[PDB]
Amino acid sequence: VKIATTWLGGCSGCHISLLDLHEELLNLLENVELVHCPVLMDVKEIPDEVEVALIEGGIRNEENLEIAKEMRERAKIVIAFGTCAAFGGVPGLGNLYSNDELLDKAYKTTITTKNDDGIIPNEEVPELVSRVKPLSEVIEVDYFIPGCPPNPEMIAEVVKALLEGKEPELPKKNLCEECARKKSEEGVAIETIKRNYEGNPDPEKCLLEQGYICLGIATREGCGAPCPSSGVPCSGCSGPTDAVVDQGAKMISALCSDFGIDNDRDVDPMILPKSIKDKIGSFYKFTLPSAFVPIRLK
Amino acid sequence: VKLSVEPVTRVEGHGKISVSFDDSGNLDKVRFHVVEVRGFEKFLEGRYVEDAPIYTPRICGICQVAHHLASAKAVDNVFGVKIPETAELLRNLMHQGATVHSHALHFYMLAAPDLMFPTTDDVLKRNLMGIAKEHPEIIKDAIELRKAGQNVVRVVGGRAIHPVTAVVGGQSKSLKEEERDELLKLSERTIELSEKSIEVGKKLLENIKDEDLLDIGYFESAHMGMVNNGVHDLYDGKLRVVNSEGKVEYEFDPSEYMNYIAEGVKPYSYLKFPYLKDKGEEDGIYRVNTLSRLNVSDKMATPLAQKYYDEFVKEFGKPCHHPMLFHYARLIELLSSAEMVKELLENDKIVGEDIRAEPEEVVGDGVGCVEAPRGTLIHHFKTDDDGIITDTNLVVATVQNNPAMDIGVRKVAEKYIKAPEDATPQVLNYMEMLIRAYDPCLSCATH
Amino acid sequence: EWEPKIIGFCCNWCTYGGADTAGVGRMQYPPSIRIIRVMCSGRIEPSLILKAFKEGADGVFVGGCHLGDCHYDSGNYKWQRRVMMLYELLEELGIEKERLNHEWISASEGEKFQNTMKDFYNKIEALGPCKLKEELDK
Ligand code: NFU
Ligand code: SF4
Ligand code: SF4
Ligand code: SF4
Ligand code: FES
Ligand SMILES: [Ca+2]
Ligand SMILES: [Mg+2]
């Protein structure tokens with residue numbers, strides 16, 4: 001099967017996760033024909049008759065937009081490869097600023113920058129798109145592999161399903177099932193909200209119950225929940241489930257509902273908003289571009 | 001006639017080389033352009049400073065550990081906390097494991113295709129798969145090296161890609177004695193494969209010398225790297241700068257980097273052009289990573305790497321300015337990192353339970369610095385009293401080799417091109433081979 | 001020329017009834033709002049409010065039972081915690097806090113509903129249109 005890969009406004013992490021198949025990558029390449037992959041081979045142009053296309057990264061500039069459309073016309077099946085392609089990713093946080101503000105910082109006001117002329121690179125470089133957009137906003141996407149980056153095994157299962165003429169199936173639950181942390185039978189009740197550095201977390205008890213903002217509740221399973229298992233809350237990098245459009249909104253809903261639930265009628269509703277100094281960064285680290293309100297109005 | 005090599009392949013990120021000729025057919029302009037930028041420095045404003053080690057790894061998928069640790073370090077300085085010795089060891093263990101994965105990835109997956117096949121016209125042969133068909137043991141060993149590196153990162157960092165254990169004050173988890181013992185058993189093999197890789201590199205660079213490709217993109221410059229009491233160190237130390245003749249010009253703590261480094265801007269690229277602030281853009285050009293680090297170091301901290309380094313210095317001298325020798329210095333560092341993994345695992349403090357310190361009052365500024373596989377990495381954050389970022393500056397490794405790449409690609413074309421007919425697939429690939437010698441990570445470089 | 005676009009979410013047991021009472025009493029108010037019925041204000045959550053802004057809402061109104069009077073005992077206590085976070089989330093997104101309005105209005109409080117609609121209309125009308133949808137269409 002002829003497959004091709006490319007990268008847009010991402011970090012290369014999804015391609016690195018594909019390489020993290022290790023010995024299995026060679027076995028995968030035996031049953032597949034890699035016709036385009038900038039990081040691995042020197043085929044400069046996307047060829048015609050591509051069967052499966054793995055597109056990493058979201059839309060950040062006019063060149064990405066061009067390549068997405070180019071790959072869409074040459075590929076039969078297009079896959080939004082990873083959280084950046086599927087939801088926008090961390091680069092999506094740039095949507096909280098105007099493109100002029102992003103560029104002025106990087107090319108003028110950064111402390112080590114010496115640019116008295118105040119020039120913004122504009123020759124032989126693509127202009128940025130008004131805002132970061134998920135791949136599906138600009139082209140028709142057939143499938144998506146969520147994760148920042150998706151685990152190697154999940155990438156193989158998806159590609160192997162397409163090789164066998166089968167429909168890929170993503171896991172459907174939120175992360176708490178996979179998570180090894182202990183959850184109360186009585187249900188979740190949050191007394192106070194803590195920043196990740198505040199306090200000393202219990203390694204067995206659920207991090208959300210302990211007062212930490214854990215996105216596991218509003219995030220699709222599949223990663224194996226290595227973050228809570230490694231002592232830190234989930235940041236929601238796999239994105240939401242199939243039944244949730246806006247991950248951050250649903251996380252805020254859940255958090256607000258169980259906050260002070262044991263003192264439901266008497267808990268001060270102003271405590272929670274005052275406690276969270278960075279609301280967008282707390283609930284939309286990986287999915288701001290795919291949210292109902294994906295930008296900060298200027 | 002306007003030729004363009006786009007995209008530059010077997011490099012991380014988006015880059016291109018433009019080659020132009022005048023109406024008389026003579027070579028006129030040759031430039032290296034980086035066509036991507038995301039704006040991490042600006043969008044980090046308003047974020048919780050403790051979330052920086054979650055965001056910065058997303059600058060790059062290859063060197064996410066370096067970013068995780070550079071941010072974790074800057075964050076520890078923002079909260080005025082000195083982390084326990086066990087945390088420093090665990091952080092360095094993760095860092096060395098990442099360096100093994102990155103150096104192995106570049107030399108075998110990205111660079112070797114050209115060193116093995118420098119004169120072929122077949123692009124379907126000039127890649128990982130081409131090497132695997134003829135020499136499967138070369139790639140199987142490369143995969144083993146990477147697997148070993150990523151295993152250390154997964155065990156110490158929680159995740160092989162985008163680790164999460166470097167938190168405020170230290171580490172979120174300890175290395176269990178069982179985990180330490182298994183990594184220690186597996187550690188010997190990594191050193192062994194890294195040592196076997198140096199011979200592969202010697203043999204492959206000999207093939208490059210036989211085709212007069214060892215001097216491609218040659219130019220002299222200053223060199224920057226981190227040194228711990230003059231010794232090679234990728235985790236802790238001071239940043240040392242040597243001139244083209246090898247004499248030390250600067251030695252400074254990373255927190256004072258803004259008084260030594262300056263970054264220029266050109267209209268044809270999203271990648272900035274740094275230089276030694278006081279020397280200027282013309283006389284202040286410097287290079288980072290592998291060869292630059294070996295050039296500033298008095299010696300390697302590991303016994304095996306030191307032998308190959310001493311053998312290398314006696315043959316090519318010091319400082320070595322050859323871009324193609326960066327491949328060889330990379331292999332020396334690959335071995336040195338493999339050796340450091342064993343050394344750190346052999347330290348009994350690595351399994352300690354005092355892994356984190358309580359955060360102190362918020363100090364409004366913090367500079368975190370480590371030597372990423374591709375060069376000096378500096379994460380600088382400024383925050384308010386509540387620890388919310390107000391300003392940031394990221395001097396990311398490959399940006400410092402941007403002038404070298406722009407110069408080197410020009411020097412290659414000057415040596416092989418006189419008219420557009422001379423710009424053949426092999427000659428255009430020689431220009432890409434120069435770019436590849438610096439192991440560029442353009443997503444990293446632009447951020 | 002321009003007339004604000006306001007969307008309302010009113011609980012069946014109280015605010016929706018309070019809006020009906022204003023109608024029975026012929027208590028006139030501006031025709032910008034279009035009310036959506038739910039069984040409890042506890043049904044309201046950020047996704048619905050944010051969805052309204054994405055579609056083009058200049059203002060969003062949410063009406064529920066007085067605190068302690070919820071037909072389902074405590075649904076409004078959850079909504080109250082959600083709306084407080086939502087006010088600040090909107091400000092971070094550059095959407096004025098004042099474009100969202102929540103009130104507790106009983107089944108017979110027609111006068112209160114009328115005056116609330118008048119006040120909320122004047123507040124949105126004075127703020128002018130929300131430019132979100134225009135910016136997203138660009
Ligand atoms: N190595 C490395 Fe990064 Ni992908 C680069 N260049 C960062 O500091
Ligand atoms: S998803 Fe995560 S890993 Fe894949 S590109 Fe975006 S950032 Fe890099
Ligand atoms: S820790 Fe995060 S993921 Fe694990 S259970 Fe509690 S909430 Fe779900
Ligand atoms: S735990 Fe949450 S954050 Fe960590 S990997 Fe799974 S999804 Fe991404
Ligand atoms: S029914 Fe009116 S708020 Fe619950
Ligand atoms: Ca920078
Ligand atoms: Mg944040």
# chains A, B, ... in the order shown; residues from 1 in each chain; ligands from 1
$ residues_around --residues "segment 14-24 of chain C" --least-positions-apart "5" --cutoff "12 Å" --atoms "only C-alpha atoms" --output "ChimeraX atom specification"
/C:8-9,29,33-41,61-67,69-72,76,102-117
$ residues_near_ligand --ligand "ligand 6" --cutoff "8 Å" --atoms "only C-alpha atoms and all ligand atoms" --output "PyMOL selection string"
(chain A and resi 106+110) or (chain B and resi 41+272+393-396+445-447)
$ write_last_selection --atoms "C-alpha atoms" --output "PDB file, in the first residue's frame"
ATOM      1  CA  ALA A 106      10.051  36.706  18.302  1.00  0.00           C
ATOM      2  CA  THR A 110      12.868  39.356  22.796  1.00  0.00           C
TER       3      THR A 110
ATOM      4  CA  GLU B  41       7.820  33.107  23.346  1.00  0.00           C
ATOM      5  CA  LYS B 272      17.312  34.388  13.401  1.00  0.00           C
ATOM      6  CA  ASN B 393      13.066  34.432  25.652  1.00  0.00           C
ATOM      7  CA  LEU B 394      14.186  31.149  24.113  1.00  0.00           C
ATOM      8  CA  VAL B 395      17.650  30.875  22.487  1.00  0.00           C
ATOM      9  CA  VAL B 396      17.193  27.430  20.996  1.00  0.00           C
ATOM     10  CA  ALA B 445      15.264  26.835  16.057  1.00  0.00           C
ATOM     11  CA  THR B 446      12.252  29.076  15.266  1.00  0.00           C
ATOM     12  CA  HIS B 447       9.878  28.126  18.142  1.00  0.00           C
TER      13      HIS B 447
END
$ select_by_dssp --residues "segment 23-112 of chain C" --states "alpha helix (DSSP H)" --output "VMD selection string"
chain C and resid 23 to 24 46 to 55 75 to 92 110 to 112
$ interface_residues --of "chain B" --to "chain A" --cutoff "6 Å" --atoms "only C-alpha atoms" --output "PyMOL selection string"
chain B and resi 9-11+35+39+42-43+47+58-61+123+127+143+158+168+172-173+258+262-264+267-270+393
$ interface_residues --of "chain A" --to "chain C" --cutoff "7 Å" --atoms "only C-alpha atoms" --output "ChimeraX atom specification"
/A:246,249-250,253,256-257,264-265,269-270,273,279-280,292-293,295-298
$ residues_near_ligand --ligand "ligand 1" --cutoff "10 Å" --atoms "only C-alpha atoms and all ligand atoms" --output "ChimeraX atom specification"
/A:11-13 /B:12-13,56-68,70,98-99,102-103,288-289,369-379,394-401,438-447
$ write_last_selection --atoms "C-alpha atoms" --output "PDB file, in the first residue's frame"
ATOM      1  CA  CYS A  11       6.724  19.610  16.383  1.00  0.00           C
ATOM      2  CA  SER A  12       7.709  16.275  14.606  1.00  0.00           C
ATOM      3  CA  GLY A  13       6.689  14.295  17.738  1.00  0.00           C
TER       4      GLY A  13
ATOM      5  CA  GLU B  12      13.672  18.114  11.423  1.00  0.00           C
ATOM      6  CA  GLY B  13      11.452  21.053  10.494  1.00  0.00           C
ATOM      7  CA  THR B  56       8.100  23.801  25.837  1.00  0.00           C
ATOM      8  CA  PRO B  57       8.602  20.071  25.014  1.00  0.00           C
ATOM      9  CA  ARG B  58       6.042  20.711  22.217  1.00  0.00           C
ATOM     10  CA  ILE B  59       8.620  22.990  20.582  1.00  0.00           C
ATOM     11  CA  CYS B  60      10.162  19.763  19.258  1.00  0.00           C
ATOM     12  CA  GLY B  61       9.424  16.032  19.212  1.00  0.00           C
ATOM     13  CA  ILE B  62      13.060  14.925  19.009  1.00  0.00           C
ATOM     14  CA  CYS B  63      14.609  17.035  21.780  1.00  0.00           C
ATOM     15  CA  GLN B  64      11.508  17.433  24.016  1.00  0.00           C
ATOM     16  CA  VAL B  65      13.592  16.296  27.068  1.00  0.00           C
ATOM     17  CA  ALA B  66      16.113  19.129  26.687  1.00  0.00           C
ATOM     18  CA  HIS B  67      13.190  21.606  26.655  1.00  0.00           C
ATOM     19  CA  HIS B  68      11.468  19.865  29.594  1.00  0.00           C
ATOM     20  CA  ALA B  70      15.621  23.689  30.479  1.00  0.00           C
ATOM     21  CA  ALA B  98      17.603  11.534  25.311  1.00  0.00           C
ATOM     22  CA  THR B  99      21.019  12.472  23.840  1.00  0.00           C
ATOM     23  CA  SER B 102      18.824  11.989  19.340  1.00  0.00           C
ATOM     24  CA  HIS B 103      22.452  11.369  18.251  1.00  0.00           C
ATOM     25  CA  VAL B 288      27.083  25.065  18.742  1.00  0.00           C
ATOM     26  CA  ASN B 289      26.782  21.330  19.533  1.00  0.00           C
ATOM     27  CA  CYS B 369      20.122  26.148  30.532  1.00  0.00           C
ATOM     28  CA  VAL B 370      21.246  22.774  29.241  1.00  0.00           C
ATOM     29  CA  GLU B 371      23.165  21.592  26.193  1.00  0.00           C
ATOM     30  CA  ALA B 372      20.530  20.126  23.909  1.00  0.00           C
ATOM     31  CA  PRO B 373      21.832  17.553  21.405  1.00  0.00           C
ATOM     32  CA  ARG B 374      21.871  20.361  18.791  1.00  0.00           C
ATOM     33  CA  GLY B 375      23.427  23.098  20.927  1.00  0.00           C
ATOM     34  CA  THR B 376      23.169  25.431  23.915  1.00  0.00           C
ATOM     35  CA  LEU B 377      19.549  25.691  25.002  1.00  0.00           C
ATOM     36  CA  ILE B 378      18.395  28.666  27.085  1.00  0.00           C
ATOM     37  CA  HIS B 379      14.869  29.117  28.526  1.00  0.00           C
ATOM     38  CA  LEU B 394      14.186  31.149  24.113  1.00  0.00           C
ATOM     39  CA  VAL B 395      17.650  30.875  22.487  1.00  0.00           C
ATOM     40  CA  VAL B 396      17.193  27.430  20.996  1.00  0.00           C
ATOM     41  CA  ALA B 397      20.259  25.447  19.919  1.00  0.00           C
ATOM     42  CA  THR B 398      20.025  25.215  16.040  1.00  0.00           C
ATOM     43  CA  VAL B 399      19.331  28.995  15.771  1.00  0.00           C
ATOM     44  CA  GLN B 400      22.995  29.518  16.713  1.00  0.00           C
ATOM     45  CA  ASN B 401      24.141  27.344  13.755  1.00  0.00           C
ATOM     46  CA  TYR B 438      24.766  20.420  11.898  1.00  0.00           C
ATOM     47  CA  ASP B 439      21.827  18.123  12.811  1.00  0.00           C
ATOM     48  CA  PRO B 440      19.330  20.995  12.434  1.00  0.00           C
ATOM     49  CA  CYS B 441      15.951  20.943  14.187  1.00  0.00           C
ATOM     50  CA  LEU B 442      14.139  23.879  12.545  1.00  0.00           C
ATOM     51  CA  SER B 443      10.927  23.604  14.626  1.00  0.00           C
ATOM     52  CA  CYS B 444      13.248  24.037  17.631  1.00  0.00           C
ATOM     53  CA  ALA B 445      15.264  26.835  16.057  1.00  0.00           C
ATOM     54  CA  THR B 446      12.252  29.076  15.266  1.00  0.00           C
ATOM     55  CA  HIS B 447       9.878  28.126  18.142  1.00  0.00           C
TER      56      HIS B 447
END
$ residues_near_ligand --ligand "ligand 3" --cutoff "7 Å" --atoms "only C-alpha atoms and all ligand atoms" --output "ChimeraX atom specification"
/A:175-176,179-183,206-209,214-217,225,228,233-234
$ decode --residues "segment 176-237 of chain B" --atoms "C-alpha atoms" --output "short mmCIF file (atom, residue, chain, number, x, y, z; two decimals), in the first residue's frame"
data_model
loop_
_atom_site.label_atom_id
_atom_site.label_comp_id
_atom_site.auth_asym_id
_atom_site.auth_seq_id
_atom_site.Cartn_x
_atom_site.Cartn_y
_atom_site.Cartn_z
CA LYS B 176 12.73 2.25 41.95
CA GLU B 177 15.68 -0.09 42.74
CA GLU B 178 14.22 -2.71 40.33
CA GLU B 179 14.05 -0.13 37.49
CA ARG B 180 17.58 1.10 38.19
CA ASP B 181 18.91 -2.50 38.13
CA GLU B 182 17.31 -3.32 34.75
CA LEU B 183 18.50 -0.06 33.15
CA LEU B 184 21.97 -0.79 34.56
CA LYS B 185 22.06 -4.26 32.92
CA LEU B 186 20.90 -2.78 29.58
CA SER B 187 23.42 0.11 29.90
CA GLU B 188 26.50 -1.95 28.89
CA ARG B 189 24.96 -2.78 25.52
CA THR B 190 24.32 0.92 24.81
CA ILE B 191 27.99 1.82 25.39
CA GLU B 192 29.01 -1.15 23.21
CA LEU B 193 26.76 -0.15 20.28
CA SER B 194 27.86 3.50 20.63
CA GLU B 195 31.53 2.35 20.43
CA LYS B 196 30.72 0.23 17.36
CA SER B 197 29.07 3.34 15.85
CA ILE B 198 32.32 5.35 16.01
CA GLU B 199 34.02 2.77 13.74
CA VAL B 200 31.04 2.93 11.35
CA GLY B 201 31.45 6.73 11.32
CA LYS B 202 35.21 6.52 10.73
CA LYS B 203 34.67 4.12 7.81
CA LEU B 204 31.78 6.25 6.44
CA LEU B 205 33.69 9.55 6.79
CA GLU B 206 36.68 7.88 5.00
CA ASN B 207 34.33 7.25 2.03
CA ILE B 208 33.41 10.99 2.20
CA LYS B 209 37.09 12.02 2.21
CA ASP B 210 37.68 9.78 -0.87
CA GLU B 211 35.10 11.87 -2.81
CA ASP B 212 36.57 15.25 -1.60
CA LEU B 213 33.40 15.97 0.41
CA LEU B 214 35.04 16.28 3.86
CA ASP B 215 35.66 20.04 3.39
CA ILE B 216 32.13 20.97 2.17
CA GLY B 217 30.85 24.22 3.69
CA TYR B 218 34.19 24.85 5.42
CA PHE B 219 34.61 28.18 7.25
CA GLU B 220 36.24 29.20 10.53
CA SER B 221 34.34 30.59 13.53
CA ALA B 222 34.07 30.83 17.30
CA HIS B 223 32.63 27.80 19.15
CA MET B 224 30.32 27.66 22.18
CA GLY B 225 29.61 24.88 24.65
CA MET B 226 28.99 24.12 28.32
CA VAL B 227 31.93 23.13 30.55
CA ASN B 228 32.05 21.91 34.19
CA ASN B 229 35.50 23.02 35.42
CA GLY B 230 36.71 22.86 31.78
CA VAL B 231 35.27 19.33 31.28
CA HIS B 232 32.58 18.41 28.70
CA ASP B 233 29.11 18.55 30.33
CA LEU B 234 25.65 18.65 28.75
CA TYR B 235 23.75 19.27 32.02
CA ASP B 236 25.66 21.59 34.41
CA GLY B 237 28.48 24.11 34.09
#
